[PDB]
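The block underneath contains the structure these notes are about, expressed in C-alpha cells.
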Amino acid sequence: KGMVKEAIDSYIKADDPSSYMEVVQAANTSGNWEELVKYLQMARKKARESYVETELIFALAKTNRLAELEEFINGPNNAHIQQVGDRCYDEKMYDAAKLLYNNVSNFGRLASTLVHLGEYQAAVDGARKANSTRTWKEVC
Amino acid sequence: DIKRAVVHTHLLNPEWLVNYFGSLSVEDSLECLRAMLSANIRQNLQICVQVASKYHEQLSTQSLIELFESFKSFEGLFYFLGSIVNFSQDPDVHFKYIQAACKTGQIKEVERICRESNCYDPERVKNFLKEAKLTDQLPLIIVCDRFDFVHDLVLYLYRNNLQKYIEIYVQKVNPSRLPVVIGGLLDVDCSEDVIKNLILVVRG
Amino acid sequence: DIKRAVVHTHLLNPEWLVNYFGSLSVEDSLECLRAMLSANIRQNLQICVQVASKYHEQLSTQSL
C-alpha cells in the first residue's frame, strides 16, 4: 500500500535490514528523510553494507543534519563517497559536497559547488592544488 | 541415538568410518557431525574434515558451512575448503575460505586464488578487507587492479600509510599501471618530490 | 622484498637455508629474522635459533 512511514515500525520491532532496496525505492517516492535515518542507523548494526551508508548520508544531507553527517563519515564509513557527492550537485544541495569531497580530496568537483556557495578565498586554494583547466577557469 | 562415534574416534579406524558415513547419510551425518563438533576436541577434530572432503561434491550445503563457522574454525575451514576452491564457482565459498585465511596467517595461499578465482564479488570482499584490516595489505592491491577499481584504493593507501605499497605494487605486481596511479596521486596532490623519488624505481 | 621464507619454512630443508643466511647476510638477515619473528609461530620458531648459533661468534649484536 506504500505505507513507507508505517513500513518502518514493522521493522523497528524486527530489526530486519532485509528488503532495504525496496525501502529505498519507496523512500525517494516520498520525502521522509527523518525516520529512514533511524531505520538505517540501527540496521547499520545488522548488515555492514555500503548501500546503507550511502543512502544514509543522502538522507542526512536531505535533512541537513550536518553536525553528525560530518561525524559519521569520520568513522569507518566504508561507504561510496562521490556517488552521493554526485547527488549533491545533481540535486544541488550545496554545503554538502563541500564536506563530502573535503576528507576525500576531490579538488576539481568541490569548486564547481563553491561557485554557487560564494566563497572565493578557499576556492582558489582548492584550485592551486587542482591546477586543472576546468577548475581554474570556472573559479575565474 | 546411533550417534556415539565421538568416543570410538579415539580408537576406531577412520577409513571405514568415512565410508560408514558415505553410506547411511540420509540427511543424517549432519547431526552426527553436529554431535562430534559439540565435543570438538583436538583429537576428534580433523576427522570431521576428512569426511568433509566427500559430500561437498554432491551437496556443499550452506547449512554445513554454517554449523562449521558457528564454532571457531581455527583452520578447519581452511583445510576443508583448501581443496574446494577448485571445482567451484560460488562467491560465498571463496569469500569465506579467504576469511578463514584471516584466522591464521596464510595470506600467501590467498594471493593465489585472487588471481585464479574469477567468479566472486570483490566489492563485499574489499569492503571486508578494509573492515577486517588485512594488516599486510598485499592481496587487495592485486585483486583490485585485477578488476580495475584503483581510483579509491590509491586514496585509501595514501590515507592510511604509504611506505612500500604503491612502490612494490608497480615494481613487482604490475608496472603497467604506474601513470594512472600518478594521476590518482595528483588528484589527491601528493608531494611532487615523492613522485620524482618514486619514478626512480626500476620498472618491468 | 626477498624475505618470504616464513611460508617456505614449513616445507623447506632448513639445513641449506642456514647456509643461505650464513651467506648473503650483509646486515640483511637481521631484517628477515625480524619478519619471521613478526610471524613467530610455534612451527617457524626454533629455526630462528638454529641459525642464531652461527653469527653470534662474529657479531653477537645487542640489536639481535
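If you read the protein sequences in the order shown, they are chains B, C and H. Residue numbers for the first sequence, in the deposited numbering: 1118 to 1257. Residue numbers for the second sequence, in the deposited numbering: 635 to 838. Residue numbers for the third sequence, in the deposited numbering: 635 to 698. Ideal placement from N, C-alpha and C gives every residue a C-beta, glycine not left out.
Worksheet item: Does the distance from the CB of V759/C to the CB of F729/C come in under 8 Å?
Response: yes
Worksheet item: Hey, does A673/H have any beta-carbon neighbour from chain C nearer than 8 Å?
Response: yes
Discussion item. Pop quiz: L1234/B and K1215/B are said to be a contact at Cβ under 8 Å. What is the actual Cβ separation, rounded to whole angstroms?
Written reply: 7 Å
Worksheet item: What residue range is occupied by the uninterrupted alpha helix (DSSP H) comprising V814/C?
Response: 812-821
Worksheet item: DSSP three-state call for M1138/B: helix, strand or coil?
Response: helix
Worksheet item: What residues from chain C crowd round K1118/B, counting only those whose CB sits closer than 9 Å?
Response: Those do not exist, as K1118/B stays about 33 Å from chain C at its closest Cβ, beyond 9 Å.
Discussion item. Helix, strand or coil for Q1158/B? Go by DSSP, reduced to three states.
Written reply: helix
Worksheet item: What is the rounded straight-line gap between the Cα of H642/H and the Cα of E700/C?
Response: 32 Å
Worksheet item: Between the beta-carbon of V1232/B and the beta-carbon of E1255/B, is there less than 8 Å?
Response: yes
Worksheet item: Going by Cα to Cα distance, which pick from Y689/C, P648/C, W650/C is closest to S659/C?
Response: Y689/C
Discussion item. Using a 10 Å radius around the Cβ and a threshold of 16 neighbouring Cβ atoms, would you call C666/C buried or exposed?
Written reply: buried
Worksheet item: What is the residue span of the alpha helix (DSSP H) that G1202/B lies within?
Response: 1201-1207
Item to complete: Look at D779/C and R746/C and say whether their C-beta atoms are less than 8 Å apart.
Response: no
Worksheet item: Which residues, taken in chain order from the region 1132-1165 of chain B, show a beta carbon closer than 8 Å to some beta carbon of chain C?
Response: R1165
Item to complete: Return yes when the Cβ of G838/C is within less than 8 Å of the Cβ of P813/C, no when it is not.
Response: no
Worksheet entry | Cβ-based contacts, 7 Å cut-off: residues of the region 723-755 of chain C near chain H | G739, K742
Item to complete: With a threshold of 16 other CB atoms inside 10 Å of the CB of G818/C, please say whether the residue is buried or exposed.
Response: buried
Worksheet entry | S717/C in three-state terms, based on DSSP | helix
Fill in: Inter-residue spacing [alpha-carbon to alpha-carbon] between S1229/B and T1252/B
8 Å
Discussion item. Distance check for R668/H and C748/C, CA to CA, integer angstroms please.
Written reply: 27 Å
Worksheet item: According to a CB-to-CB cut-off of less than 7 Å, which residues of the region 635-650 of chain H neighbour chain C?
Response: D635, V641
Item to complete: Along the alpha helix (DSSP H) that carries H642/H, what are the first and last residues, could you check?
Response: 639-642
Practice prompt. Buried or exposed for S657/C, please, with buried defined as at least 16 other CB atoms from any protein chain shown within 10 angstroms of its CB.
Written response: exposed
Worksheet item: Okay, do the region 722-738 of chain C and the region 690-709 of chain C touch, 3+ Cβ pairs below 8 Å being the bar?
Response: yes
Worksheet entry | DSSP three-state assignment for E1152/B, whether helix, strand or coil | coil
Discussion item. Suppose you measure from the CA of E691/C to the CA of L789/C; what does that come to, to the nearest Å?
Written reply: 42 Å
Worksheet item: Would DSSP call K1215/B helix, strand or coil?
Response: helix
Item to complete: Using the Cα positions of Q680/C and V685/H, report the straight-line distance between them to the nearest angstrom.
Response: 33 Å
Worksheet item: Along chain C, in chain order, which residues have C-beta atoms closer than 8 Å to that of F1224/B?
Response: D821, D823
Fill in: N-terminal and C-terminal residue of the alpha helix (DSSP H) that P648/H is part of
648-656
Fill in: Cβ-based burial, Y1237/B [other Cβ within 10 Å; buried from 16]
exposed
Fill in: When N1181/B, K1118/B, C1257/B are compared against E1151/B, the one with the closest alpha-carbon
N1181/B
Discussion item. Which residues in chain H have a C-beta closer than 8 Å to the C-beta of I802/C? List them in chain order.
Written reply: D635
Practice prompt. Give a yes or no on whether the minimum CB-CB distance between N831/C and chain B is below 8 Å.
Written response: no
Worksheet entry | Assumed close pair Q723/C, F762/C - CB separation to whole angstroms, cut-off 8 Å | About 20 Å separates the two Cβ atoms, so there is no contact after all.
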